[PDB]
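Next up: a single chain in structure tokens, the form solved without the named molecule.
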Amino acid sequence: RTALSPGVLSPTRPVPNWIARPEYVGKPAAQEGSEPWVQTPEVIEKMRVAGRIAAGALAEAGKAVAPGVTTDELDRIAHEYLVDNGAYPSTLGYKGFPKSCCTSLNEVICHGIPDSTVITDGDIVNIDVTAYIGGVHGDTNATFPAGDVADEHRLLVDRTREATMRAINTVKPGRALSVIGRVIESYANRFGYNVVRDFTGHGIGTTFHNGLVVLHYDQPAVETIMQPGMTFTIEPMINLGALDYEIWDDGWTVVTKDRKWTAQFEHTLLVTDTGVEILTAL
């Protein structure tokens, strides 16, 4: 299997006029980064809806993962599920991003742009979808196998899912936020994998990335304590190879320097009064 290069992007996909755009659409930056980390009851309920819809679109696009399919095609299916359910694709026009989801094959760490790239037998494909509806965002991603994937790669994917679910299960009020990354990195290290550091989870609510940062590696200097009503993502990227990376000229696509493959899963989580709720549960 060759190292990837860019395909050709289809033209901007339309979303009907009636679907409210986030404020940042058609602007070079977003107005985000200083929003309250604890959401209102109202926002939380809205986030369950956005979460559910983001989960639906992910599951639909992942069902189309198969050798022969293009990445562009995955984006088409996600885009259509979001639009049919009344949601704007949060990534579309977010800091100039040109598509409705991120499609990250093989050695693409994250931020892959759906294009003419055709998926081949044995590939792994992460699809990261976000839904904006009722003034709020819901954010989820998963890596999907295409055809006969090598054992090495199935285990990576399975272990990355497990790391994510284990991190989720430690979410509870009064526990330090740093616990998440300690659990993730312990689990990756157990199988000789390396956890990506420069890319993180994030707080999410009425904004996409609200200023809260969730690290996926062990960093006990973070003193943040989880509180009921806080909403954030856990989205670890886990590398078979070294951490070093490059960004394509498209300004988005992050690829491992050594071209070894990498995997990721993501959910949007709520800290409840006693534990956690997965808002992007299928």
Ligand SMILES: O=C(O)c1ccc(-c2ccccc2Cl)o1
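One-based numbering along the sequence shown.
The protein also exists as the form deposited with the named molecule bound; that form is not presented, and the subsequent description refers to it.
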Practice task
Using a 4.5 Å heavy atom cut-off, state whether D75 contacts the named molecule in the deposited bound form.
Solution key: no
Practice task
Check whether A188 has any heavy atom within 4.5 Å of a heavy atom of the named molecule in the deposited bound form, and answer yes or no.
Solution key: no
Exercise for the section: Flag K95 as yes or no: does it have a non-hydrogen atom within 4.5 angstroms of any non-hydrogen atom of the named molecule in the deposited bound form? Expected result: yes
Practice task
Classify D128 as contacting or not contacting the named molecule in the deposited bound form by the rule of any non-hydrogen atom within 4.5 angstroms, answering yes or no.
Solution key: yes
Fill in the blank from the handout: In contact with the named molecule in the deposited bound form (heavy atoms, 4.5 Å), from 169-177, 117-125, 141-149, 75-83, is stretch 141-149
Handout entry: Interface residue in the deposited bound form among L58, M230, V255, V65, criterion: non-hydrogen atom within 4.5 angstroms of the named molecule
Key = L58
Practice task
Could you check which residue among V195, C102, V157, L105 gets a heavy atom within 4.5 Å of the named molecule in the deposited bound form?
Solution key: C102
Handout entry: Members of 64-81 lying within 4.5 angstroms of the named molecule, judged by heavy atom, in the deposited bound form
Key = none
